[PDB]
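Peer 1: Could you have a look at this structure, given as structure tokens, before my questions?
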Amino acid sequence: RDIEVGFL
Amino acid sequence: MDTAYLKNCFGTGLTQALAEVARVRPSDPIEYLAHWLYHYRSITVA
Amino acid sequence: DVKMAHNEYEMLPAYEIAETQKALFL
Amino acid sequence: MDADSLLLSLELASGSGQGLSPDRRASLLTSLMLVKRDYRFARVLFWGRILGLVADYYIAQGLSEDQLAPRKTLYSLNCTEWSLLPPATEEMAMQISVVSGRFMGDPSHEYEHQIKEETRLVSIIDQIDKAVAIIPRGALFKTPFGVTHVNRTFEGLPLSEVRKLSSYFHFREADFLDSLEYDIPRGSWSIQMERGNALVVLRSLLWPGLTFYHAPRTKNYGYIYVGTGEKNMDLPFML
Amino acid sequence: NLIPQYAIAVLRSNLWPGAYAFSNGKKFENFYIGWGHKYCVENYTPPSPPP
Amino acid sequence: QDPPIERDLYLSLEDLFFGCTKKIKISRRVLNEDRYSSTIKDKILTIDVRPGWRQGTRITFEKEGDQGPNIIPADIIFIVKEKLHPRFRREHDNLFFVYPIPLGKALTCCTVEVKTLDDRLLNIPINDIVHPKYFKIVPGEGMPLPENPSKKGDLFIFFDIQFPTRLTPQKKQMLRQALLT
Amino acid sequence: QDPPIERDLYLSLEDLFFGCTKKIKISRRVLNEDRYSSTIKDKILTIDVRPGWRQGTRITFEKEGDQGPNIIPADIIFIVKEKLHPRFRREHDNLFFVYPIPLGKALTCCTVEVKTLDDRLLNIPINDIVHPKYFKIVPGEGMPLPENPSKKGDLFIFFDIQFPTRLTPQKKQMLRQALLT
């Protein structure tokens, strides 16, 4: 879910 | 996290995509991204 | 490899002579 | 052939001897310019003639950007009155196989073998383009954008490369194009030198009346089919 | 044909392609410019041997 | 909630052929936090009309229409509609031209002069006997497809034959010797 | 009550022209006085077809249908319809005759042979140039009125023009000198 911190 | 899946799937493509979009600064970046991804296949897969 | 990765039209004065000169052949 | 073949008699300069009168040549210059106007073609080359028993079909071919596109054919009996000929398909290729004989000037003529003479015109012009439409080696450069353009830096063939059939290409779908050295029969192409050997003339034997022009010193080239419009099936006997 | 009162009578044989005949109405001349062959609607049959 | 307004906006053939753009000024019934005002925040909505959009193609602007105190605005500017032309009738990616051919030209060789939406002029041969059900297809020269603007459909050329209104008895003999034999 | 037995009364234009009699077998479906039993004689309903009856006029039989357990039926054998005669179709009070005509006779006049429903042969002269959108009214020659069996409607003679399938160059010059002038 929390791609906002993960990958961007 | 889901990073590894999308580590493998996209990689260089999104990088070149937003690099070109930031350089060009079009009026509609999202449509530009979609068209660029289409063109990116049309060069790579073919 | 680098080359890999509502339109108006204008035309020359050479067809108004051609417009004019078809009457020669009619 | 292009408009440069209609400012001077390039057709009769090949020594085939069949071509256009200066009447038809000037009329064709004005009419093909008007065809390039009315039909937005990149170029409008004079395809040639289908010599009929009543009147001759003067044929023109539209060229797109994008020159290997399915080129758009036009016909005219009185030269100037150009009309958009329909495109060709495989059914219309198979349709005219039962018919033989010389073309009639009226394209409304009917054969009982019905079959319209317009369909014959369409199919025979398509067959001639797929078989014996010539492009010299390097005149067309496959652009990286999936489109064929004129190789506008093309220098004419060296005289060593003049004599080889490998230096000439079929102007159709397929250096991208197919060469003439596989165009069976092996002797099906006649190469000869005219006009001080500043002129290469390459005539089809399978489709008589075709004569391909080329000046090795420059990029002046072109092909014209001025002839009867039948296929020489007797070619292997005649060779 | 655009100026018919100065036309020249053209003749196309249809038996020997490239064969031509011409005349202004007073004089005439002939000319062959073909491959030297006779036209035939049927394909060329090699002749059968003797019986 | 209140429905979106299914506004109809008329586009001629060249607008849907070349892919024009259109502006439609919208209502001024936008509410503030007070929930009794009537103001406007975005005067104009713009639609990038692409080539080949068929009739009935719905373009919807969520959260842009009229709004009450406790409902979500929405609007369907616009349903694609076609203006009358001189003349091609819009069907599924095909153009239907009507040529008022005269009789005598219908029965013999004829050439039909078709101005297109490209501002290109066509001389289409008609070598068939034009009876009043005949049509010639000029393929690959209709309007662009909505799924592919490079490719275009087929142009249909129908014929409205103009029969003669009066014939001399000589013309009656002319016709009787010609047609009934 | 139980719904009507909706049935189509099949009648050709000759029969509605003259009138006839038709019998419909209900037959063995009414509930008898045994309280209850479906076994019934082969009961029959006759319809006296009067001349000039229109398509869709309702013939209704009260209490003649499949009677239920104390339920009032009705054998509604009612639609007057519609058999396409070999020579005529029917609009309101009007027979529409289609005459296949060759183009030479269409343009240079003819006489149309109409065989009526009354078994009369009508030689109707056609001396106007027959347009594709052309008809002649032969008044008083249609079907009889339903409101008046002495009065009659109008016969419409439409034309299906048969163009030629082949024309020689002589025939093309023939037509060109004839029509296009």
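In the structure tokens, the first chain shown is A, the next is B, and so on; residue numbers restart at 1 for each chain, and ligands run from 1 in the order shown.
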Got a sec to tell me which of stretch 32-173 of chain G DSSP assigns to strand (DSSP E), as a ChimeraX atom specification?
Peer 2: /G:44-49,77-83,88-91,94-102,110-115,121-126,135-138,154-162
Peer 1: Residues within 10 Å of residue F:4, please, as a PyMOL selection string. Count only C-alpha atoms; anything in the same chain fewer than 5 positions from it doesn't count.
Peer 2: chain F and resi 60-67+72-77
Peer 1: Write the residues of the preceding selection, restricted to C-alpha atoms, as a short mmCIF file (atom, residue, chain, number, x, y, z; two decimals), in the first residue's frame.
Peer 2:
```cif
data_model
loop_
_atom_site.label_atom_id
_atom_site.label_comp_id
_atom_site.auth_asym_id
_atom_site.auth_seq_id
_atom_site.Cartn_x
_atom_site.Cartn_y
_atom_site.Cartn_z
CA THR F 60 -18.47 13.89 -18.63
CA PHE F 61 -17.14 16.54 -16.22
CA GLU F 62 -17.58 15.26 -12.68
CA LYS F 63 -17.79 17.93 -9.96
CA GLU F 64 -18.31 20.82 -12.45
CA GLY F 65 -22.10 21.14 -12.90
CA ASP F 66 -24.77 22.78 -10.80
CA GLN F 67 -24.61 22.07 -7.06
CA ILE F 72 -22.08 16.47 -5.72
CA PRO F 73 -22.16 18.50 -8.97
CA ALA F 74 -21.79 16.74 -12.31
CA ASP F 75 -22.34 17.59 -15.97
CA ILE F 76 -22.17 15.74 -19.31
CA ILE F 77 -21.10 18.54 -21.63
#
```
Peer 1: Define the interface residues of chain G facing chain D as those within 9 Å, counting only C-alpha atoms, and report them as a PyMOL selection string.
Peer 2: chain G and resi 166+168-169
Peer 1: Please, could you write that set of residues out with C-alpha atoms as a short mmCIF file (atom, residue, chain, number, x, y, z; two decimals), in the first residue's frame?
Peer 2:
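Ended up saving to out-v9.cif:
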```cif
data_model
loop_
_atom_site.label_atom_id
_atom_site.label_comp_id
_atom_site.auth_asym_id
_atom_site.auth_seq_id
_atom_site.Cartn_x
_atom_site.Cartn_y
_atom_site.Cartn_z
CA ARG G 166 -25.34 -3.95 -70.59
CA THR G 168 -22.90 -1.32 -76.27
CA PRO G 169 -20.88 1.74 -77.38
#
```
Peer 1: Could you name the residues that touch residue A:5 at 12 Å or less, counting only C-alpha atoms, but leaving out those on the same chain fewer than 5 positions away, as a ChimeraX atom specification?
Peer 2: /B:1-3
Peer 1: Emit the selected residues as a short mmCIF file (atom, residue, chain, number, x, y, z; two decimals), in the first residue's frame, including N, CA, C and O atoms.
Peer 2:
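See selection.cif below for the written result:
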```cif
data_model
loop_
_atom_site.label_atom_id
_atom_site.label_comp_id
_atom_site.auth_asym_id
_atom_site.auth_seq_id
_atom_site.Cartn_x
_atom_site.Cartn_y
_atom_site.Cartn_z
N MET B 1 7.31 -4.84 1.49
CA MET B 1 6.62 -3.88 0.58
C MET B 1 6.49 -4.48 -0.82
O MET B 1 7.06 -5.54 -1.10
N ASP B 2 5.75 -3.79 -1.68
CA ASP B 2 5.61 -4.20 -3.08
C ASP B 2 6.68 -3.60 -3.98
O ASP B 2 6.48 -3.54 -5.20
N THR B 3 7.80 -3.16 -3.41
CA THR B 3 8.83 -2.50 -4.20
C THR B 3 9.47 -3.45 -5.21
O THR B 3 9.69 -3.07 -6.36
#
```
Peer 1: From a backbone DSSP assignment, name each residue in chain B labelled helix (DSSP H, G or I), as a ChimeraX atom specification.
Peer 2: /B:3-9,12-24,29-44
Peer 1: Taking only C-alpha atoms into account, report as a PDB file with C-alpha atoms, in the first residue's frame which residues of chain B lie within 12 Å of chain D.
Peer 2:
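That gives us result_25.pdb:
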```pdb
ATOM      1  CA  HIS B  39       5.899   4.627 -27.841  1.00  0.00           C
ATOM      2  CA  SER B  42       6.714   0.383 -29.844  1.00  0.00           C
ATOM      3  CA  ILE B  43      10.502   0.772 -29.793  1.00  0.00           C
ATOM      4  CA  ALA B  46       9.156  -4.541 -31.635  1.00  0.00           C
TER       5      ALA B  46
END
```
Peer 1: Report as a PDB file with N, CA, C and O atoms, in the first residue's frame all protein, DNA and RNA residues lying within 7 Å of stretch 30-47 of chain E, evaluated on only C-alpha atoms, omitting residues in the same chain fewer than 2 positions from it.
Peer 2:
```
ATOM      1  N   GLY D  17      11.521   3.685 -77.123  1.00  0.00           N
ATOM      2  CA  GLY D  17      10.862   4.318 -78.234  1.00  0.00           C
ATOM      3  C   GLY D  17       9.402   4.634 -78.023  1.00  0.00           C
ATOM      4  O   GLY D  17       8.840   5.403 -78.808  1.00  0.00           O
ATOM      5  N   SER D 100      -8.172 -12.983 -71.155  1.00  0.00           N
ATOM      6  CA  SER D 100      -6.968 -12.634 -71.895  1.00  0.00           C
ATOM      7  C   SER D 100      -7.364 -11.826 -73.122  1.00  0.00           C
ATOM      8  O   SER D 100      -8.447 -12.007 -73.686  1.00  0.00           O
ATOM      9  N   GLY D 101      -6.465 -10.940 -73.531  1.00  0.00           N
ATOM     10  CA  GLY D 101      -6.662 -10.061 -74.666  1.00  0.00           C
ATOM     11  C   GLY D 101      -6.255  -8.629 -74.352  1.00  0.00           C
ATOM     12  O   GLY D 101      -5.994  -8.254 -73.209  1.00  0.00           O
ATOM     13  N   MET D 233       4.076 -14.723 -70.309  1.00  0.00           N
ATOM     14  CA  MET D 233       4.259 -16.093 -69.849  1.00  0.00           C
ATOM     15  C   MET D 233       5.198 -16.898 -70.740  1.00  0.00           C
ATOM     16  O   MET D 233       5.655 -17.965 -70.316  1.00  0.00           O
ATOM     17  N   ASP D 234       5.499 -16.424 -71.950  1.00  0.00           N
ATOM     18  CA  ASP D 234       6.413 -17.110 -72.856  1.00  0.00           C
ATOM     19  C   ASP D 234       7.881 -16.829 -72.554  1.00  0.00           C
ATOM     20  O   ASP D 234       8.739 -17.316 -73.294  1.00  0.00           O
TER      21      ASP D 234
ATOM     22  N   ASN E  14      -1.271  -3.951 -83.757  1.00  0.00           N
ATOM     23  CA  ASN E  14      -1.805  -4.949 -82.826  1.00  0.00           C
ATOM     24  C   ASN E  14      -1.496  -6.395 -83.228  1.00  0.00           C
ATOM     25  O   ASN E  14      -1.963  -7.324 -82.556  1.00  0.00           O
ATOM     26  N   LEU E  15      -0.730  -6.613 -84.303  1.00  0.00           N
ATOM     27  CA  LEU E  15      -0.184  -7.909 -84.684  1.00  0.00           C
ATOM     28  C   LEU E  15       1.313  -7.979 -84.459  1.00  0.00           C
ATOM     29  O   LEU E  15       1.827  -9.038 -84.091  1.00  0.00           O
ATOM     30  N   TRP E  16       2.011  -6.869 -84.679  1.00  0.00           N
ATOM     31  CA  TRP E  16       3.431  -6.703 -84.385  1.00  0.00           C
ATOM     32  C   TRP E  16       3.525  -5.474 -83.487  1.00  0.00           C
ATOM     33  O   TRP E  16       3.521  -4.343 -83.992  1.00  0.00           O
ATOM     34  N   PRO E  17       3.532  -5.647 -82.158  1.00  0.00           N
ATOM     35  CA  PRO E  17       3.669  -4.480 -81.275  1.00  0.00           C
ATOM     36  C   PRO E  17       4.967  -3.728 -81.535  1.00  0.00           C
ATOM     37  O   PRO E  17       6.017  -4.327 -81.778  1.00  0.00           O
ATOM     38  N   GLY E  18       4.876  -2.401 -81.497  1.00  0.00           N
ATOM     39  CA  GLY E  18       5.944  -1.526 -81.927  1.00  0.00           C
ATOM     40  C   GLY E  18       5.908  -1.170 -83.400  1.00  0.00           C
ATOM     41  O   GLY E  18       6.573  -0.210 -83.802  1.00  0.00           O
ATOM     42  N   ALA E  19       5.158  -1.911 -84.213  1.00  0.00           N
ATOM     43  CA  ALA E  19       4.972  -1.580 -85.619  1.00  0.00           C
ATOM     44  C   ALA E  19       4.030  -0.388 -85.721  1.00  0.00           C
ATOM     45  O   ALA E  19       3.015  -0.334 -85.018  1.00  0.00           O
ATOM     46  N   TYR E  20       4.372   0.565 -86.585  1.00  0.00           N
ATOM     47  CA  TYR E  20       3.609   1.791 -86.760  1.00  0.00           C
ATOM     48  C   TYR E  20       3.555   2.175 -88.229  1.00  0.00           C
ATOM     49  O   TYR E  20       4.450   1.844 -89.012  1.00  0.00           O
ATOM     50  N   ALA E  21       2.478   2.868 -88.588  1.00  0.00           N
ATOM     51  CA  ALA E  21       2.350   3.522 -89.880  1.00  0.00           C
ATOM     52  C   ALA E  21       1.805   4.922 -89.646  1.00  0.00           C
ATOM     53  O   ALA E  21       1.037   5.148 -88.708  1.00  0.00           O
ATOM     54  N   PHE E  22       2.217   5.851 -90.502  1.00  0.00           N
ATOM     55  CA  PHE E  22       1.951   7.273 -90.338  1.00  0.00           C
ATOM     56  C   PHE E  22       1.732   7.931 -91.689  1.00  0.00           C
ATOM     57  O   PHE E  22       2.232   7.465 -92.713  1.00  0.00           O
ATOM     58  N   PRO E  49       5.952 -32.252 -82.240  1.00  0.00           N
ATOM     59  CA  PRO E  49       6.842 -32.904 -83.208  1.00  0.00           C
ATOM     60  C   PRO E  49       6.056 -33.480 -84.370  1.00  0.00           C
ATOM     61  O   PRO E  49       4.815 -33.465 -84.359  1.00  0.00           O
TER      62      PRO E  49
END
```
Peer 1: Please check the contacts: residues of chain G at most 8 Å away from chain F, using only C-alpha atoms, listed as a PDB file with N, CA, C and O atoms, in the first residue's frame.
Peer 2:
```pdb
ATOM      1  N   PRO G 102     -39.382  -1.961 -67.575  1.00  0.00           N
ATOM      2  CA  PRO G 102     -38.059  -1.637 -68.114  1.00  0.00           C
ATOM      3  C   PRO G 102     -37.907  -0.138 -68.328  1.00  0.00           C
ATOM      4  O   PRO G 102     -38.882   0.606 -68.441  1.00  0.00           O
ATOM      5  N   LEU G 103     -36.645   0.296 -68.372  1.00  0.00           N
ATOM      6  CA  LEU G 103     -36.353   1.726 -68.411  1.00  0.00           C
ATOM      7  C   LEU G 103     -36.858   2.371 -69.696  1.00  0.00           C
ATOM      8  O   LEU G 103     -37.326   3.517 -69.676  1.00  0.00           O
ATOM      9  N   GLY G 104     -36.763   1.659 -70.821  1.00  0.00           N
ATOM     10  CA  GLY G 104     -37.272   2.199 -72.070  1.00  0.00           C
ATOM     11  C   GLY G 104     -38.765   2.447 -72.039  1.00  0.00           C
ATOM     12  O   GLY G 104     -39.236   3.476 -72.525  1.00  0.00           O
ATOM     13  N   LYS G 105     -39.528   1.520 -71.457  1.00  0.00           N
ATOM     14  CA  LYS G 105     -40.962   1.727 -71.286  1.00  0.00           C
ATOM     15  C   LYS G 105     -41.258   2.719 -70.168  1.00  0.00           C
ATOM     16  O   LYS G 105     -42.278   3.415 -70.208  1.00  0.00           O
ATOM     17  N   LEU G 107     -39.530   5.423 -69.568  1.00  0.00           N
ATOM     18  CA  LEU G 107     -39.288   6.745 -70.129  1.00  0.00           C
ATOM     19  C   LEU G 107     -40.171   7.057 -71.330  1.00  0.00           C
ATOM     20  O   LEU G 107     -40.630   8.198 -71.463  1.00  0.00           O
ATOM     21  N   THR G 108     -40.422   6.071 -72.194  1.00  0.00           N
ATOM     22  CA  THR G 108     -41.228   6.234 -73.399  1.00  0.00           C
ATOM     23  C   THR G 108     -42.605   5.597 -73.267  1.00  0.00           C
ATOM     24  O   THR G 108     -43.090   4.991 -74.229  1.00  0.00           O
ATOM     25  N   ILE G 129     -43.369  10.501 -67.776  1.00  0.00           N
ATOM     26  CA  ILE G 129     -42.043   9.909 -67.631  1.00  0.00           C
ATOM     27  C   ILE G 129     -41.936   9.365 -66.212  1.00  0.00           C
ATOM     28  O   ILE G 129     -42.009  10.120 -65.237  1.00  0.00           O
ATOM     29  N   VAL G 130     -41.760   8.051 -66.097  1.00  0.00           N
ATOM     30  CA  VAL G 130     -41.845   7.369 -64.812  1.00  0.00           C
ATOM     31  C   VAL G 130     -40.583   7.637 -64.002  1.00  0.00           C
ATOM     32  O   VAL G 130     -39.533   7.031 -64.242  1.00  0.00           O
ATOM     33  N   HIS G 131     -40.684   8.546 -63.035  1.00  0.00           N
ATOM     34  CA  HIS G 131     -39.605   8.748 -62.085  1.00  0.00           C
ATOM     35  C   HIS G 131     -39.509   7.512 -61.186  1.00  0.00           C
ATOM     36  O   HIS G 131     -40.459   6.728 -61.111  1.00  0.00           O
ATOM     37  N   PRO G 132     -38.363   7.273 -60.530  1.00  0.00           N
ATOM     38  CA  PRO G 132     -38.364   6.267 -59.452  1.00  0.00           C
ATOM     39  C   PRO G 132     -39.388   6.556 -58.365  1.00  0.00           C
ATOM     40  O   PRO G 132     -40.020   5.629 -57.845  1.00  0.00           O
ATOM     41  N   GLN G 162     -36.506  -1.145 -64.073  1.00  0.00           N
ATOM     42  CA  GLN G 162     -35.438  -2.108 -64.347  1.00  0.00           C
ATOM     43  C   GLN G 162     -34.474  -1.472 -65.345  1.00  0.00           C
ATOM     44  O   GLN G 162     -34.776  -1.369 -66.537  1.00  0.00           O
ATOM     45  N   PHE G 163     -33.312  -1.048 -64.853  1.00  0.00           N
ATOM     46  CA  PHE G 163     -32.314  -0.447 -65.723  1.00  0.00           C
ATOM     47  C   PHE G 163     -31.621  -1.527 -66.558  1.00  0.00           C
ATOM     48  O   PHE G 163     -31.641  -2.706 -66.192  1.00  0.00           O
ATOM     49  N   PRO G 164     -31.000  -1.160 -67.683  1.00  0.00           N
ATOM     50  CA  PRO G 164     -30.267  -2.166 -68.460  1.00  0.00           C
ATOM     51  C   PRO G 164     -29.009  -2.623 -67.736  1.00  0.00           C
ATOM     52  O   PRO G 164     -28.388  -1.865 -66.986  1.00  0.00           O
ATOM     53  N   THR G 165     -28.638  -3.883 -67.976  1.00  0.00           N
ATOM     54  CA  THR G 165     -27.423  -4.466 -67.417  1.00  0.00           C
ATOM     55  C   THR G 165     -26.214  -4.336 -68.335  1.00  0.00           C
ATOM     56  O   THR G 165     -25.081  -4.426 -67.849  1.00  0.00           O
ATOM     57  N   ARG G 166     -26.424  -4.138 -69.637  1.00  0.00           N
ATOM     58  CA  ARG G 166     -25.339  -3.953 -70.591  1.00  0.00           C
ATOM     59  C   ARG G 166     -25.775  -2.931 -71.627  1.00  0.00           C
ATOM     60  O   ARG G 166     -26.947  -2.902 -72.017  1.00  0.00           O
ATOM     61  N   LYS G 171     -25.061   1.806 -78.111  1.00  0.00           N
ATOM     62  CA  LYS G 171     -26.145   2.109 -77.180  1.00  0.00           C
ATOM     63  C   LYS G 171     -25.775   3.267 -76.251  1.00  0.00           C
ATOM     64  O   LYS G 171     -26.643   4.051 -75.842  1.00  0.00           O
ATOM     65  N   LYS G 172     -24.489   3.424 -75.940  1.00  0.00           N
ATOM     66  CA  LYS G 172     -24.080   4.544 -75.099  1.00  0.00           C
ATOM     67  C   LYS G 172     -24.180   5.871 -75.848  1.00  0.00           C
ATOM     68  O   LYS G 172     -24.652   6.867 -75.292  1.00  0.00           O
ATOM     69  N   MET G 174     -26.173   6.376 -78.439  1.00  0.00           N
ATOM     70  CA  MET G 174     -27.634   6.418 -78.523  1.00  0.00           C
ATOM     71  C   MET G 174     -28.222   7.191 -77.339  1.00  0.00           C
ATOM     72  O   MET G 174     -28.855   8.244 -77.515  1.00  0.00           O
ATOM     73  N   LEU G 175     -27.953   6.710 -76.114  1.00  0.00           N
ATOM     74  CA  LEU G 175     -28.472   7.364 -74.909  1.00  0.00           C
ATOM     75  C   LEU G 175     -27.904   8.768 -74.724  1.00  0.00           C
ATOM     76  O   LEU G 175     -28.622   9.670 -74.275  1.00  0.00           O
ATOM     77  N   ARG G 176     -26.611   8.967 -75.016  1.00  0.00           N
ATOM     78  CA  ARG G 176     -26.000  10.281 -74.817  1.00  0.00           C
ATOM     79  C   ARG G 176     -26.651  11.339 -75.695  1.00  0.00           C
ATOM     80  O   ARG G 176     -26.968  12.436 -75.221  1.00  0.00           O
ATOM     81  N   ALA G 178     -29.623  11.090 -76.889  1.00  0.00           N
ATOM     82  CA  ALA G 178     -31.036  11.192 -76.547  1.00  0.00           C
ATOM     83  C   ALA G 178     -31.301  12.031 -75.298  1.00  0.00           C
ATOM     84  O   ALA G 178     -32.063  13.001 -75.362  1.00  0.00           O
ATOM     85  N   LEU G 179     -30.690  11.687 -74.164  1.00  0.00           N
ATOM     86  CA  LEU G 179     -31.042  12.276 -72.875  1.00  0.00           C
ATOM     87  C   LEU G 179     -30.277  13.554 -72.556  1.00  0.00           C
ATOM     88  O   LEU G 179     -30.896  14.564 -72.207  1.00  0.00           O
ATOM     89  N   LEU G 180     -28.950  13.541 -72.661  1.00  0.00           N
ATOM     90  CA  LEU G 180     -28.128  14.670 -72.219  1.00  0.00           C
ATOM     91  C   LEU G 180     -28.133  15.789 -73.264  1.00  0.00           C
ATOM     92  O   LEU G 180     -27.135  16.076 -73.923  1.00  0.00           O
TER      93      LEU G 180
END
```
Peer 1: Within 7 Å of residue G:113, counting only C-alpha atoms, which residues show up once you throw out same-chain ones fewer than 5 positions away? Write them as a PDB file with N, CA, C and O atoms, in the first residue's frame, please.
Peer 2:
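Final output, saved to around-v6.pdb:
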```pdb
ATOM      1  N   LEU G 121     -59.120  -7.190 -65.318  1.00  0.00           N
ATOM      2  CA  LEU G 121     -57.834  -6.801 -65.885  1.00  0.00           C
ATOM      3  C   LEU G 121     -57.891  -5.323 -66.246  1.00  0.00           C
ATOM      4  O   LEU G 121     -58.690  -4.924 -67.100  1.00  0.00           O
ATOM      5  N   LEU G 122     -57.044  -4.521 -65.598  1.00  0.00           N
ATOM      6  CA  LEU G 122     -56.981  -3.082 -65.822  1.00  0.00           C
ATOM      7  C   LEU G 122     -55.781  -2.731 -66.688  1.00  0.00           C
ATOM      8  O   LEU G 122     -54.636  -3.002 -66.316  1.00  0.00           O
ATOM      9  N   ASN G 123     -56.053  -2.112 -67.834  1.00  0.00           N
ATOM     10  CA  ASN G 123     -55.029  -1.562 -68.720  1.00  0.00           C
ATOM     11  C   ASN G 123     -54.922  -0.074 -68.409  1.00  0.00           C
ATOM     12  O   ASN G 123     -55.666   0.740 -68.964  1.00  0.00           O
ATOM     13  N   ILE G 124     -53.986   0.275 -67.530  1.00  0.00           N
ATOM     14  CA  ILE G 124     -53.847   1.630 -67.004  1.00  0.00           C
ATOM     15  C   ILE G 124     -52.750   2.325 -67.812  1.00  0.00           C
ATOM     16  O   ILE G 124     -51.583   1.913 -67.715  1.00  0.00           O
TER      17      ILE G 124
END
```
Peer 1: May I ask you to extract the residues of chain C within 12 Å of chain B, using only C-alpha atoms, and to give them as a PyMOL selection string?
Peer 2: chain C and resi 1-5
Peer 1: Between atom CA of residue F:31 and atom CA of residue F:70, what is the distance, to one decimal in Å?
Peer 2: 10.2 Å
Peer 1: For chain C, list the residues within 8 Å of chain D, counting only C-alpha atoms, and write the list as a list in words.
Peer 2: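 So the residues of chain C near chain D are residues 3, 4, 15, 18, 19, 21, 22 and 25 of chain C.
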Peer 1: Atom CA of residue D:92 and atom CA of residue D:222, how far apart in Å?
Peer 2: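 Separation of atom CA of residue D:222 and atom CA of residue D:92: 27.2 Å.
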Peer 1: Rounded to one decimal place, report the atom CA of residue G:8-atom CA of residue G:84 distance in Å.
Peer 2: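 Result for atom CA of residue G:8 versus atom CA of residue G:84: 15.0 Å, one decimal.
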Peer 1: Distance cut-off 12 Å, counting only C-alpha atoms - which residues of chain B neighbour chain A? Return them as a list in words.
Peer 2: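 My answer is residues 1, 2, 3, 4, 5, 6, 7, 10, 11, 14, 15 and 18 of chain B.
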Peer 1: Kindly provide, as a count of residues only, the residues of chain E having any atom no farther than 12 Å from an atom of chain C, counting only C-alpha atoms.
Peer 2: 3
Peer 1: What are the residues of chain F that have an atom within 10 Å of an atom of chain C, counting only C-alpha atoms, as an NGL selection string?
Peer 2: :F and (14-21 or 50-51 or 118-119)
Peer 1: Restricted to C-alpha atoms, what would the selected residues look like written as a CSV table (one decimal), in the first residue's frame?
Peer 2:
```
chain,number,residue,atom,x,y,z
F,14,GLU,CA,-14.6,18.9,-40.1
F,15,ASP,CA,-14.5,19.4,-36.4
F,16,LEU,CA,-14.7,15.7,-35.8
F,17,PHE,CA,-12.4,15.0,-38.7
F,18,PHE,CA,-9.5,17.3,-37.8
F,19,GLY,CA,-10.0,17.1,-34.0
F,20,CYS,CA,-11.0,20.7,-33.0
F,21,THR,CA,-11.5,22.1,-29.5
F,50,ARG,CA,-10.1,14.0,-31.0
F,51,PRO,CA,-10.8,12.7,-34.6
F,118,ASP,CA,-9.5,17.1,-46.1
F,119,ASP,CA,-10.2,19.8,-48.6
```
Peer 1: Which residues, written as a VMD selection string, have at least one atom at most 10 Å from stretch 207-210 of chain D, with only C-alpha atoms counted and residues fewer than 6 positions away on the same chain left out?
Peer 2: (chain D and resid 16 to 19 47 to 51 127 to 128 131 to 134 188 to 189 201 223 to 233 235) or (chain E and resid 18 34 to 35)
